[PDB]
Amino acid sequence: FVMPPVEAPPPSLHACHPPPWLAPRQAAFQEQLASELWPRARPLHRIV
Amino acid sequence: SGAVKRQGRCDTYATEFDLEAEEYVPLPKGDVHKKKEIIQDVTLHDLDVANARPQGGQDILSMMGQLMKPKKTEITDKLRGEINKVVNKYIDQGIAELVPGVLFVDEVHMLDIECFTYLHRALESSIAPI
Amino acid sequence: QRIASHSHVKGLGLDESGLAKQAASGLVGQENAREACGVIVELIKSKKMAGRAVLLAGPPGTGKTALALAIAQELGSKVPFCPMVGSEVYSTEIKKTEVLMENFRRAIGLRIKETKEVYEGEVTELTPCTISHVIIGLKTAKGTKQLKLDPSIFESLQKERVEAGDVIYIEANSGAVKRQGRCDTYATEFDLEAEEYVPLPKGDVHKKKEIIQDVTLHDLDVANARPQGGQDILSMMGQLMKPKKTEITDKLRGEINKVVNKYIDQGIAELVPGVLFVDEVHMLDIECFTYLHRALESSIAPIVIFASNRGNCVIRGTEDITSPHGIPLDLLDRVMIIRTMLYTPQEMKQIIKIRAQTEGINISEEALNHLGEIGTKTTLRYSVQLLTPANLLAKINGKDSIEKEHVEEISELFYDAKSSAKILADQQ
Amino acid sequence: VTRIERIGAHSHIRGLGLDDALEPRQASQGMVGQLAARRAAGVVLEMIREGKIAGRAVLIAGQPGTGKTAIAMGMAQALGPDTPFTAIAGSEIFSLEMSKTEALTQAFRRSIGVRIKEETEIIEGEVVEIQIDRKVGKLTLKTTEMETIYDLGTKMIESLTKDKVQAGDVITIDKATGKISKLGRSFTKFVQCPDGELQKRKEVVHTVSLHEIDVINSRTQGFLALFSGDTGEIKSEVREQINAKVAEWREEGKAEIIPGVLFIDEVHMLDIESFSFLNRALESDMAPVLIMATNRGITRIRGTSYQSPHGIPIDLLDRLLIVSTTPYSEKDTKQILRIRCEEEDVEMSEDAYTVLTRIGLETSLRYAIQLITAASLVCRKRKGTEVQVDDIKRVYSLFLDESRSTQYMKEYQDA
Amino acid sequence: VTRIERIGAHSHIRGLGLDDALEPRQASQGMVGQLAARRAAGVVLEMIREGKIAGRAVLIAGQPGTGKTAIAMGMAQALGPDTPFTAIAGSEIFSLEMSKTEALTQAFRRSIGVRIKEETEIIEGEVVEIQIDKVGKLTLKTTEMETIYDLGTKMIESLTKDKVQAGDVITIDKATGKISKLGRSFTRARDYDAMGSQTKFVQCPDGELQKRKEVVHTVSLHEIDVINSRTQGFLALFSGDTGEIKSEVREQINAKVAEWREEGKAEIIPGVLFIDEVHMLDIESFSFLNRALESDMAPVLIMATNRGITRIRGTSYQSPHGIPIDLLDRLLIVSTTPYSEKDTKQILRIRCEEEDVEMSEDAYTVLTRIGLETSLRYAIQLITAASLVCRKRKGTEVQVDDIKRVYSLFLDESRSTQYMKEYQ
Amino acid sequence: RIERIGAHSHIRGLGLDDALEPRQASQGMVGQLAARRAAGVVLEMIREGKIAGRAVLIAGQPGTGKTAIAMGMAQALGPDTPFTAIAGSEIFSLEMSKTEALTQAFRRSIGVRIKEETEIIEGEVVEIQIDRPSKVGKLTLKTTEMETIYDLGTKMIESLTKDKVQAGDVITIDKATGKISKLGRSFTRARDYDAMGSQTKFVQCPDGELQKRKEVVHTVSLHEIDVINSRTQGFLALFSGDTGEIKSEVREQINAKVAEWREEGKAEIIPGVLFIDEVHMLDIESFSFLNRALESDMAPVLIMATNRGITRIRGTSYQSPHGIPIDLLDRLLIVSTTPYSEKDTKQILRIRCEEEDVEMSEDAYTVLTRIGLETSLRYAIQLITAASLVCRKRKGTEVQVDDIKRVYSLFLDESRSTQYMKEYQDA
Amino acid sequence: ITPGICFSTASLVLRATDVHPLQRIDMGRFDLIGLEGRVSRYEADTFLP
Ligand SMILES: Nc1ncnc2c1ncn2[C@@H]1O[C@H](COP(=O)(O)OP(=O)(O)O)[C@@H](O)[C@H]1O
Ligand SMILES: Nc1ncnc2c1ncn2[C@@H]1O[C@H](COP(=O)(O)OP(=O)(O)O)[C@@H](O)[C@H]1O
Ligand SMILES: Nc1ncnc2c1ncn2[C@@H]1O[C@H](COP(=O)(O)OP(=O)(O)O)[C@@H](O)[C@H]1O
Ligand SMILES: Nc1ncnc2c1ncn2[C@@H]1O[C@H](COP(=O)(O)OP(=O)(O)O)[C@@H](O)[C@H]1O
C-alpha cells in the first residue's frame, strides 16, 4: 500500500543546443530498450 | 500521474453470466470529468529523494531501481539549490506553506567526531531546523 | 594564463657538456641534483632501459618536485608524463595494487600514423541497389561525388534517418556516419522547425588526411576491458559506472602486448617510453611498496621518479618500523637517490626574482632585498606568497611597483607556519 | 510568507565592510571589528577577482568563535554570484561511494567555473490555433503587438502533438531545439501574454564548472550529478582531455574560465592522505584559491601521533598563509549583539544590552547570540514589548551554557 | 626498432645453468654462483615438468640481493611456456571485490593448464544465391565444387537474423553454429569508399565444402569464470568473478575436466604459483594454504622472502620468515648464500653484456668494490648511469673516472641516510 | 517428519500450572523454579500483549538453562505468535547497518493477521462442457447434499482450461478471483484406461452446502510488510539477501497504516518475542539504538541470555556488569538461575537420555551425574549418546558403567585436554 | 506528482568536446573484446593466413 510522498518525472532533463545526432540516437536507444523488456516487465505491473 | 486502475466491470452486467471472475462495482456517479483540490503535507526530503531517485509510468528508467538501486547521495547542487528554488517558486505564488520541524537526535553522546564536526556547518545553515 | 607554482620552471638548464648552470630556464642552485636529473633524462631519451626508479630525497621546500617538473618539461610533449600523488593510490573502489598497475601502463606512450579518410558534404540522393549496395551523393562547395557505400552500413544510415539534403560525415574505415544536420540552403523551408542548419562544407568531399596522434596503453586496456553493444540487455554498459575496474594479467594485458608487438614489427605503431612521477612516496602503504619493488623489476615498467618529502620516519602500515625517507630499506635499494639540499640567501633571492619577473611584477632593489631576507627567517615558499599581495596593495595605492613599504606591511596581515605554531602553542 | 531560507547564524553578514582601498570600517555590512583579518580577507578576495596567480591557500586561525566562519561568509557575499564559492566541511570528504582524494579533487573542480556564451533565438507568444493534417499543418502565434502564422514541420507538429499545448496558451519555442514551455493558461496557472516582438535573439551565458562538464562528458546521458550516482571519473583519460579542450575553447574566443573559491571548514578533520593530495593539487593551472579555518592549535594529525599546528602536517603548513583572528572586546561584542538583534525583530534595552554583553564576555560570545532570541520570546510571554534585564536573567537561569553546565556535573552519570 | 619489452632487472636470466645431471655451472645461461640453490631450483623444476604429485612448496630465502627472484625467473624461463607459471606479489591478493581467500583460489586455479582439443564438421563455401518463399534453398560455392542445400525454418531464421548475402563466405557446422566468416572477392569493390568495420574481403575457400577442423588451445583451470555467470566469457577480461562458489567450481569443473581427460578432449598440465614477497600474507591466507596444498589438484609453490625472525601480519607473534610454523612444516626451504668478490663482478659483467656497456677492467674492479661495500643492485644501476654519462662525454668505454663521477651524483641508501643530519 | 533431534528438542514448554507455579520435572523442565516462574510471568505478559517495549534478561552460570528457558518459552508460546531467535553476532551484516538489522529483527516479531471473509464454492466436478470457436461452456458441481449446473463465462472458462480440470476432481472456486484450487480426485478414474498413466488416488467429496462462506486468514510479520513495500522488486520478502528499507517513506507509513487497520478492525495486533542469545556481542551503538527502539508501541519484548560477568563492553573500554551498559540495563529486569544440584543434574541427564531413546543402568546414572558435577552438564549430556554407541557395537541392551567410563577416557571435556596441553603446540 | 522537473542547462560547446572525426584514431585495430563473440579461433588460425 505504500507510495512515495513525491514522484517527479524520470529524466533530470537538460536544456541545451545539443548536436542533432544525440537526441535521435537516445530516442532509438529508448525505443530498443522499451520494446524488449516491457513485455517481460508486465508481471510487475500488478505491484507497480 | 497517468495511472489507470481497474475497479471492475459495470454492475448492471451481473446478471449476464452465471459466475465470473470479474468484480462488479456500481456505475460511478458524478460527472465523467471532475476535479478536486487536495491539501497534501510532505517534507523536502521527499522531493530530494524523488529527484535523486526518479520514478514514473511506462518508462524504462525504472531499471535504475533494479540494478542501480543503492542509497542515493544527493549532491549539494540538488539537496540545496534547485530544490529550494522550486519550493520557493511554489511558496511565493500562494500554493505552498512552510512549516519548520524538530530534529530530536537522542543518544547523541555516541556520534563520531566527524558527525560532531559536520554538525557545525549543518546547524549554521539557514535552512536547518530546530 | 593562470600562472602556476611551477610555470616558471621550463627545464633543468644543463650545458652541452651536462653541467648545471644558474640557467634562466627557471632553476638556480642545486648543481649536483640538477646534474643527476640531466644524467637520468638521457636514460628516457635512450629508449633502452626499463624498470628503474629515482628517489629525490631532501628537506621540504628544496625543490624536488621542481626538479621532477623540470625533467617533465625538458622532454616535451611527444613522451607522456603522468604525475601522481602517493595518497591517490588509496582508492575505495578498486584495490591499490591494480591502481598502481594501471598507473604504470599510462606513462608508456604509443605513436601511430593513421592515414584515414572521411567523406563530408550535403547528401544529395540515396539509391539502395538483400541490398547489393547503396549509392550516396555528397555535395560540397568544390563539387559532388557518388560513393558505393557498403550496404552493411545502410543500417547506420537508416539509424541516422539521413536523406537528401542533410550534411553528414562518414568514415571510410568503419562507417561512422554522423548527421551534422540539414543543409544551409534548406533552412527556412518551414518558418519554424527545430533544426541545426549546419553550413555547407567548403573543402573537398574526399577528405584524406593523416592523423599522427598518440594514445596511451592504459587507454587501450580500458577500451578492451568491457564489451560494447546492447544485444539484449547489454545496454546496461551505458549506465552504472566503470571506476578503474581491475583488469587481469593472464588474458588481457598479455594479448595487448602481443598485438602491439605484432603491429610494431609491421612498422605501423611507434613506442615512446614515458616518465611516471610519484609525489610523497612516504604516503604509500607497506604492501604498495612490496608490490612496487617487484613490479618495477619487469621488462616493461617505465622509469619512475620517487619523491619523499620527509626524513627518517615510521612506514605507514607497520607503526613500529622506522626507515629513512619513509621507504623500507628493501625498496630503498635499486633506486638511484638524488639528494636535494637547502639554498643560500643568494639562491633564494634569485628564485624570488625569477618568480617576480615571471608573474609580471616589477620590484625595487631595497624591497626585493628584504623580501629575500624574509626567505632566510621563513621558508623559501613564504616570500613567493607574500610577493603578490604586496603588488596588489601597491596598485591599490596607485604605485605600480613594489616598494619596501608593501612587502614589510603585508607580512603583518598574514602569518607563517612557525609564527602560527608559536601562537598556537596554547592548543587553540 | 516564510521562505525556505530563514534567519540563520550568518544572515547579518552581507559582505566585507571594506573601503575602496581595502580598509575595514569599525562596523559595516554586518561585520564588526576584526580589522586585520578582514582586510586580509579583502586582499585575498581582490587577488581572486584578479584571477592570475592561481593555486594559493590561506588558513584562518584564531580562538574558537572568533568570526572565523563569518569572514568566509562575508567573502562569499562580497564575491557575489556568477563566481563559484564552494563551502564544505572537513568531514564531507569521507565518503563510501568515492575516495577522499577523489572527493577532494571533485570539490576542487566544482570550485572552478567556465563562462560560455550562446546566441540562441527564443520565441515568446501565445497560441492562436494548432492544426494537424494526418502529416503537416500550420501554427498561429499571438502577442500583444502582432500575430503571425507558422508552418508546422515534422519536429514542430510532433512536439506539439506530444505536448497538450493548445490555443490560448502563452508559450516559448526555442527554434534551436523546439522545447515548448507554457507559463500560464490565459489572460489572468493563468498569466497575460508577452509584449514586444514574438521572435527575438537572446544571448545566454552559462557558468558551468569543470565538474559539470566532466559529468556531462562521461556517460550516455551522464548528467547524473543531481544525485552523484558516479563513484569517480576516469582520471587522466576523461579528466585531462577535458582540460585540453577547455584550453582550446580559451585563447580562441569560445569560452573563458572563472576562478572560483573553495572554503573547507574544520580542516583538522582531513587526514594525512587528504593533506598529501593538497600539496600537489594546489600547483596546477586550474586550481582555486581556497580558504580554511581551524579552532585547534598544535593538535594531533588524524592518521598518526604527530602533533602539528591546526592538526595539519608541516609540509602543508609551510605551503599556506595563516590569518589569526584576535579575541573580541566589550565594544565589539556589544556591537555584534546589536547587529544580531537588528537582523531579527528584537529590540533590547541599553541596560539589557550591557547585561547581555557582560554575560557574553563571561562565558562566550555565541551564548549571548543564542540567548538573544530566548529572551525575546520570554519577553513576549509576559506580554511585553522590550526585552528587559529580568527576561535575560530568567533565560540565563533556564538555559545553561558550556562552562556552567560542565561545572554542574557534581553528580556522576554514565560513561 | 623498439619492442614493448626492453631490458629490465631480470632480463639476463635466460634460463637455469644446469647440466643434464642438474649439475650447476659456475656461469651459464646468464646465472652465476648459487650452486646449491640453482641445483635445488632444477630439482623442483624437474617435478614441475613431471606433474605427478601436488602440494610441493619450495621456499628460497636469503639476504636482499642474493638471487631469490633471480632463481624464480630462471625457473620460469627454463620451464617451457606451455605449462602455466603464475608469478604474483604477496600484495596482489588484498582485493576489495574478492576476499583474501578467493583471490588466492583463483591464483591457484590459474596455474593449472588444460590443453583442450575439439573437432567439428564445418561446411564452408561462397554463397551464390539464397531463395526464400517458409522454405528455400542455398547455393554454396567453392573454387573446387558447388552444391545446393535445402534449408528450413531454423536455418532461414539464422540466415535472416544474420544478414547473409550472395557472396558471403559462410561457415556452417552441425547444430548450425553459423559464422559470417568473410566476404567474396568477385563482388569487387562492394564498398567503393566506405567499408564496414567488421567487413573484409577474402579469397574463395579451397577444397570441398565439408572440411574437418581441429582446434587446440591451452586454457587455465580458472576457466570457471567462463560459466560463473551468463556472460559470453568476457568476465575473464575484467574483475568479474568474486565469490568462487565452491559447489559450482569443484563439483562441476573438476568432474567435467576429469571426464574430458577420459574422453581425450582435454588434459591437465600442472604449472607453478610463484608468490613473490609472501611475507605480506596474513595468518588467514597461510592457514588457508595449509589445507589448500592438501587438495587433489594443486600447483607447486615457490616463495622468495628475506624476512628473519619477524612479526606475522595480523598477529603479534613472530616466526621465521614472518609466517607461521605450521606452514613452514609444509614447505621445502632452500638457501641463497650471499655473493663473493668474484660472483659480484661476474654478474656485473653479465649485466653489462646485456646493454652492451663495454667497461674497462679498472672500472669493473671499482664497480665490484663499490657494490660489495654498499649493495649488489646499486652497482647494476651505475653501469647504465656511467654509460649515459660517458655517451655525452663523446666516449666509447666507461672509465673509472666516469664511474666516480656518477658515484657522487646518485648517492646510495647508506650515504643518503648518513646525509640526513639536518632533519629539515 | 525427518528433522533430527537437537540439544534443546527435549523441552516442550515451561512446566507451569495454571497459577504460574513451576513443577519439579514436568514438560521437560527440571528444577530451576525461580527462573521458570519468572519466565512464566513474562510469558503470561506476552500472551496478553497490551504493553510493548519491555525486556527481561536471564543470567547465570554457563550451562544452567538460559537458552533452555528461552526454547521452553518459545514452545509454550506455540504458533500464531511470532517468535524470533537471534544471536548477538548475527546483526553484524555487510549489506545493512547494525541499527537496520535490529529494526528488521524487531519488526520480524510483529504479526498482522488480516481476516478476510471470501465466499467460494466447493464441490465435485461432475461434467464440463466448453465450446471452442468467444468460447463458452458450462460446469456441474456435486456435493453430498446437492448438485447444480453453472453457465461458465469466458474468463471462468479460461481459468478452468489453464487448470484443465476434468470430471470427478474436487475443487474450490473463488467467486471473487475465480482461482481453482483442486484438493484431489473423487472416486473416479480411467480417462481412457488404455493409455499410460500414474496410480490413482481418491478422497471423499465435500459435505454440506455447495456454496459456503468460510474464513481465510493471512498472517505476515511487520518486517515482511516493510520488505515487500520497500521497493518494486516484485516478489520480495524472500529475495535471498537484500533489505534496504527507508526510514520515513516506508517504515513510518507501514506503522501508520497498521494503526489505521487496527482502528477499523482489519488486523489489530499480535506481538511476539525476540530472544537475543549472547547479546554481549552487540556493539555500543547497538545498545544505544536499543535504548530508544524499545520506546515504541511496535517494540515487542526481547529475552537475552548472558554468560559474562564484569567485563568490558565490546566496541569500547567501559567495564560494566553483564557486559551491558547501565543505560540499556536500566529497563530490563534480570532473572537469576541457580546452578543445578546433584538431584537436578541427575534428573536432567535422565530426561535427556530418555529423549534419545537410550536405556542406562542405575549406576550409569550415578557415574554420569558424578562426571557432570565434577565437569560441565553439557559434557555429561554429550556422553549420553557417545556411551550409547559402544553398547550397540557390542550388541548390548542398556548403557552400563563400563561403557560410560570407556567413552569418558576416549574423549576429554574441558580440563583433561588443557592439562595435557603441556607440549607447546603453537601460540 | 511535482511538475517542477529539475531542468539543467548548458551550452552545446560542452557536448561537442569529444567529436572530431578527422582528429581521432581508429581504435578498431586494437580492440580484442569485440572479437570474442564474432570471430572464431579457426578463422584466425587456419583460414585467413
Ligand atoms: N632550484 C629552484 N629554482 C627555482 N625555484 C625553486 C627551486 N627549488 C625550489 N623552488 C621553489 O620552491 C618551491 C618548492 O615547492 P616543492 O617542490 O613542492 O617543495 P618540495 O619539492 O621540496 O616538497 C617551488 O614552488 C619552487 O617554485
Ligand atoms: N565580524 C563579525 N561581525 C558580526 N558577527 C560576528 C563577527 N565575528 C563573529 N561574529 C558572530 O560570532 C559567532 C562566532 O561563531 P563562528 O565564527 O561560527 O565560530 P567558528 O568560526 O569557530 O565556527 C558567529 O555566529 C557570528 O554571528
Ligand atoms: N645468480 C645470479 N645471476 C645473475 N644475476 C643475479 C644473480 N643473483 C642475483 N642477481 C641480480 O641481483 C638482483 C637481485 O634482485 P632480487 O632477486 O629481487 O633480490 P632477492 O631475490 O634476494 O630479494 C636481480 O635483479 C638480479 O639481476
Ligand atoms: N531446566 C532444565 N531442564 C532440563 N534440562 C536442562 C535444563 N536446563 C538446562 N538443561 C540442560 O543443559 C544443557 C545445556 O543448557 P544451556 O541451555 O546451554 O544452559 P545455559 O543457557 O545456561 O548455557 C541442555 O542440553 C539441557 O539438556
# chains A, B, ... in the order shown; residues from 1 in each chain; ligands from 1
>>> residues_near_ligand(ligand="ligand 2", cutoff="6 Å", atoms="only C-alpha atoms and all ligand atoms", output="PyMOL selection string")
chain D and resi 9-10+30-34+64-70+295+336+366
>>> residues_near_ligand(ligand="ligand 3", cutoff="7 Å", atoms="only C-alpha atoms and all ligand atoms", output="number ranges by chain")
C: 294; E: 9-10, 12-13, 30-34, 62-70, 304-306, 347, 376-377
>>> closest_atom_pairs(of="chain D", to="ligand 1", cutoff="12 Å", atoms="only C-alpha atoms and all ligand atoms", output="JSON lines")
{"residue": "D:55", "atom": "CA", "partner": "ligand 1", "partner_atom_place_in_ligand_line": "25 (O)", "distance": 10.4}
{"residue": "D:56", "atom": "CA", "partner": "ligand 1", "partner_atom_place_in_ligand_line": "25 (O)", "distance": 11.1}
{"residue": "D:276", "atom": "CA", "partner": "ligand 1", "partner_atom_place_in_ligand_line": "23 (O)", "distance": 10.4}
{"residue": "D:277", "atom": "CA", "partner": "ligand 1", "partner_atom_place_in_ligand_line": "18 (O)", "distance": 11.5}
{"residue": "D:278", "atom": "CA", "partner": "ligand 1", "partner_atom_place_in_ligand_line": "18 (O)", "distance": 10.5}
{"residue": "D:279", "atom": "CA", "partner": "ligand 1", "partner_atom_place_in_ligand_line": "18 (O)", "distance": 6.8}
{"residue": "D:280", "atom": "CA", "partner": "ligand 1", "partner_atom_place_in_ligand_line": "18 (O)", "distance": 7.1}
{"residue": "D:281", "atom": "CA", "partner": "ligand 1", "partner_atom_place_in_ligand_line": "18 (O)", "distance": 10.4}
{"residue": "D:282", "atom": "CA", "partner": "ligand 1", "partner_atom_place_in_ligand_line": "18 (O)", "distance": 9.6}
{"residue": "D:283", "atom": "CA", "partner": "ligand 1", "partner_atom_place_in_ligand_line": "25 (O)", "distance": 7.8}
{"residue": "D:284", "atom": "CA", "partner": "ligand 1", "partner_atom_place_in_ligand_line": "25 (O)", "distance": 11.0}
{"residue": "D:314", "atom": "CA", "partner": "ligand 1", "partner_atom_place_in_ligand_line": "23 (O)", "distance": 10.7}
{"residue": "D:315", "atom": "CA", "partner": "ligand 1", "partner_atom_place_in_ligand_line": "23 (O)", "distance": 7.1}
{"residue": "D:316", "atom": "CA", "partner": "ligand 1", "partner_atom_place_in_ligand_line": "23 (O)", "distance": 9.3}
{"residue": "D:317", "atom": "CA", "partner": "ligand 1", "partner_atom_place_in_ligand_line": "23 (O)", "distance": 11.8}
{"residue": "D:318", "atom": "CA", "partner": "ligand 1", "partner_atom_place_in_ligand_line": "19 (O)", "distance": 9.7}
{"residue": "D:319", "atom": "CA", "partner": "ligand 1", "partner_atom_place_in_ligand_line": "15 (O)", "distance": 8.2}
{"residue": "D:320", "atom": "CA", "partner": "ligand 1", "partner_atom_place_in_ligand_line": "15 (O)", "distance": 11.7}
>>> interface_residues(of="chain B", to="chain C", cutoff="9 Å", atoms="only C-alpha atoms", output="ChimeraX atom specification")
/B:64,67-68
>>> residues_near_ligand(ligand="ligand 4", cutoff="9 Å", atoms="only C-alpha atoms and all ligand atoms", output="count of residues only")
50
>>> select_by_dssp(residues="range 151-336 of chain E", states="strand (DSSP E)", output="ChimeraX atom specification")
/E:169-173,179-182,210-220,268-270,272-276,300-305,309-311,318-320,333-336
>>> write_last_selection(atoms="C-alpha atoms", output="mmCIF file, in the first residue's frame")
data_model
loop_
_atom_site.group_PDB
_atom_site.id
_atom_site.type_symbol
_atom_site.label_atom_id
_atom_site.label_comp_id
_atom_site.auth_asym_id
_atom_site.auth_seq_id
_atom_site.Cartn_x
_atom_site.Cartn_y
_atom_site.Cartn_z
ATOM 1 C CA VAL E 169 31.768 -16.876 -47.393
ATOM 2 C CA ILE E 170 29.658 -18.602 -44.758
ATOM 3 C CA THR E 171 30.824 -21.260 -42.306
ATOM 4 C CA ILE E 172 28.278 -23.770 -41.003
ATOM 5 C CA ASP E 173 28.584 -26.829 -38.772
ATOM 6 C CA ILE E 179 29.691 -17.696 -38.685
ATOM 7 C CA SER E 180 29.792 -14.803 -41.157
ATOM 8 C CA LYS E 181 33.451 -15.613 -41.687
ATOM 9 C CA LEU E 182 34.370 -13.454 -44.692
ATOM 10 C CA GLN E 210 32.804 -30.172 -45.899
ATOM 11 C CA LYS E 211 36.121 -29.932 -44.045
ATOM 12 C CA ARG E 212 37.109 -31.219 -40.600
ATOM 13 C CA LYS E 213 38.770 -28.520 -38.483
ATOM 14 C CA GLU E 214 40.858 -29.370 -35.417
ATOM 15 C CA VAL E 215 41.322 -26.656 -32.782
ATOM 16 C CA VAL E 216 43.682 -26.974 -29.810
ATOM 17 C CA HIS E 217 44.037 -24.358 -27.079
ATOM 18 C CA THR E 218 45.520 -24.249 -23.577
ATOM 19 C CA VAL E 219 43.016 -22.790 -21.107
ATOM 20 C CA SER E 220 43.750 -22.487 -17.406
ATOM 21 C CA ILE E 268 45.645 -31.207 -17.302
ATOM 22 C CA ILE E 269 49.204 -29.860 -17.213
ATOM 23 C CA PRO E 270 50.003 -28.513 -13.723
ATOM 24 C CA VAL E 272 53.650 -23.210 -10.798
ATOM 25 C CA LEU E 273 52.400 -20.450 -8.495
ATOM 26 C CA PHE E 274 55.274 -18.150 -7.511
ATOM 27 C CA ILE E 275 54.255 -15.770 -4.710
ATOM 28 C CA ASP E 276 56.955 -13.110 -4.538
ATOM 29 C CA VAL E 300 53.616 -26.282 -6.613
ATOM 30 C CA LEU E 301 54.525 -23.135 -4.679
ATOM 31 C CA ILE E 302 57.676 -21.014 -4.856
ATOM 32 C CA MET E 303 58.280 -18.286 -2.271
ATOM 33 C CA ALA E 304 61.001 -15.620 -2.033
ATOM 34 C CA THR E 305 61.189 -13.910 1.369
ATOM 35 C CA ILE E 309 62.577 -13.535 12.880
ATOM 36 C CA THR E 310 59.832 -11.000 12.140
ATOM 37 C CA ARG E 311 56.213 -10.373 13.058
ATOM 38 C CA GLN E 318 56.989 -13.640 15.449
ATOM 39 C CA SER E 319 58.240 -16.640 13.489
ATOM 40 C CA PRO E 320 60.967 -17.421 10.946
ATOM 41 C CA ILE E 333 63.272 -24.277 2.264
ATOM 42 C CA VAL E 334 66.250 -23.526 0.007
ATOM 43 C CA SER E 335 69.229 -21.290 0.730
ATOM 44 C CA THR E 336 70.635 -18.371 -1.290
#
>>> interface_residues(of="chain A", to="chain B", cutoff="8 Å", atoms="only C-alpha atoms", output="list in words")
residues 4, 5, 6, 7, 8, 9, 10, 11, 12, 30, 33, 34 and 38 of chain A
>>> select_by_dssp(residues="range 104-206 of chain E", states="helix (DSSP H, G or I)", output="PyMOL selection string")
chain E and resi 104-110+153-161
>>> write_last_selection(atoms="N, CA and C atoms", output="short mmCIF file (atom, residue, chain, number, x, y, z; two decimals), in the first residue's frame")
data_model
loop_
_atom_site.label_atom_id
_atom_site.label_comp_id
_atom_site.auth_asym_id
_atom_site.auth_seq_id
_atom_site.Cartn_x
_atom_site.Cartn_y
_atom_site.Cartn_z
N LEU E 104 43.16 -15.97 -3.76
CA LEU E 104 44.19 -17.00 -3.69
C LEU E 104 43.76 -18.28 -4.40
N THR E 105 42.48 -18.66 -4.27
CA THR E 105 41.98 -19.80 -5.02
C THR E 105 42.04 -19.55 -6.52
N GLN E 106 41.72 -18.33 -6.96
CA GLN E 106 41.82 -18.02 -8.38
C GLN E 106 43.26 -18.08 -8.86
N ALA E 107 44.20 -17.55 -8.06
CA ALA E 107 45.61 -17.64 -8.42
C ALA E 107 46.06 -19.10 -8.51
N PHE E 108 45.59 -19.95 -7.59
CA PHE E 108 45.91 -21.37 -7.66
C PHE E 108 45.38 -21.99 -8.94
N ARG E 109 44.09 -21.81 -9.22
CA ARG E 109 43.49 -22.41 -10.40
C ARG E 109 44.03 -21.82 -11.70
N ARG E 110 44.67 -20.65 -11.64
CA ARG E 110 45.24 -20.05 -12.85
C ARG E 110 46.51 -20.76 -13.30
N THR E 153 12.97 -23.75 -41.54
CA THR E 153 12.64 -22.61 -40.70
C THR E 153 13.81 -22.24 -39.79
N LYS E 154 14.42 -23.24 -39.15
CA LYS E 154 15.52 -22.96 -38.23
C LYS E 154 16.71 -22.35 -38.97
N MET E 155 16.98 -22.81 -40.19
CA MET E 155 18.09 -22.27 -40.96
C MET E 155 17.73 -20.91 -41.55
N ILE E 156 16.47 -20.74 -41.98
CA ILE E 156 16.05 -19.47 -42.55
C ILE E 156 16.11 -18.37 -41.50
N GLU E 157 15.73 -18.69 -40.26
CA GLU E 157 15.79 -17.69 -39.19
C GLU E 157 17.23 -17.26 -38.92
N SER E 158 18.18 -18.19 -39.01
CA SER E 158 19.59 -17.87 -38.81
C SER E 158 20.19 -17.12 -39.99
N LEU E 159 19.72 -17.39 -41.21
CA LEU E 159 20.15 -16.65 -42.39
C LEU E 159 19.52 -15.27 -42.46
N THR E 160 18.41 -15.05 -41.78
CA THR E 160 17.78 -13.73 -41.73
C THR E 160 18.30 -12.88 -40.58
N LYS E 161 18.35 -13.42 -39.36
CA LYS E 161 18.93 -12.67 -38.25
C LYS E 161 20.38 -12.29 -38.51
#
>>> residues_around(residues="residue 290 in chain F", least_positions_apart="3", cutoff="12 Å", atoms="only C-alpha atoms", output="PyMOL selection string")
(chain B and resi 106-107) or (chain F and resi 53-55+98-103+105-106+276+279+282-287+293-296+299-302+324-325+327-332)
>>> interface_residues(of="chain B", to="chain F", cutoff="6 Å", atoms="only C-alpha atoms", output="VMD selection string")
chain B and resid 17 to 18 20 to 21
>>> closest_atom_pairs(of="chain G", to="chain A", cutoff="12 Å", atoms="only C-alpha atoms", output="JSON lines")
{"residue": "G:1", "atom": "CA", "partner": "A:7", "partner_atom": "CA", "distance": 4.9}
{"residue": "G:2", "atom": "CA", "partner": "A:8", "partner_atom": "CA", "distance": 5.4}
{"residue": "G:3", "atom": "CA", "partner": "A:8", "partner_atom": "CA", "distance": 7.0}
{"residue": "G:4", "atom": "CA", "partner": "A:8", "partner_atom": "CA", "distance": 7.5}
{"residue": "G:5", "atom": "CA", "partner": "A:9", "partner_atom": "CA", "distance": 6.2}
{"residue": "G:6", "atom": "CA", "partner": "A:12", "partner_atom": "CA", "distance": 5.5}
{"residue": "G:7", "atom": "CA", "partner": "A:13", "partner_atom": "CA", "distance": 5.1}
{"residue": "G:8", "atom": "CA", "partner": "A:14", "partner_atom": "CA", "distance": 4.3}
{"residue": "G:9", "atom": "CA", "partner": "A:15", "partner_atom": "CA", "distance": 4.3}
{"residue": "G:10", "atom": "CA", "partner": "A:16", "partner_atom": "CA", "distance": 5.4}
{"residue": "G:11", "atom": "CA", "partner": "A:16", "partner_atom": "CA", "distance": 5.5}
{"residue": "G:12", "atom": "CA", "partner": "A:18", "partner_atom": "CA", "distance": 4.9}
{"residue": "G:13", "atom": "CA", "partner": "A:18", "partner_atom": "CA", "distance": 8.3}
{"residue": "G:14", "atom": "CA", "partner": "A:18", "partner_atom": "CA", "distance": 9.0}
{"residue": "G:15", "atom": "CA", "partner": "A:18", "partner_atom": "CA", "distance": 6.9}
{"residue": "G:16", "atom": "CA", "partner": "A:19", "partner_atom": "CA", "distance": 7.3}
{"residue": "G:17", "atom": "CA", "partner": "A:19", "partner_atom": "CA", "distance": 11.1}
{"residue": "G:18", "atom": "CA", "partner": "A:19", "partner_atom": "CA", "distance": 11.7}
{"residue": "G:19", "atom": "CA", "partner": "A:19", "partner_atom": "CA", "distance": 10.1}
>>> closest_atom_pairs(of="chain C", to="chain A", cutoff="9 Å", atoms="only C-alpha atoms", output="tab-separated table")
residue	atom	partner	partner_atom	distance
C:159	CA	A:25	CA	7.6
C:160	CA	A:21	CA	7.2
C:161	CA	A:24	CA	8.6
C:178	CA	A:21	CA	6.9
C:179	CA	A:21	CA	5.7
C:180	CA	A:20	CA	6.4
C:181	CA	A:20	CA	5.9
C:195	CA	A:20	CA	7.5
C:196	CA	A:20	CA	6.8
C:230	CA	A:33	CA	8.6
C:232	CA	A:36	CA	7.8
C:233	CA	A:33	CA	7.8
C:235	CA	A:33	CA	7.9
>>> interface_residues(of="chain G", to="chain E", cutoff="12 Å", atoms="only C-alpha atoms", output="list in words")
residues 26, 27, 28, 29, 31, 32, 33, 34, 35, 36, 37, 38, 39, 40, 41, 42, 43, 44, 45, 46, 47, 48 and 49 of chain G
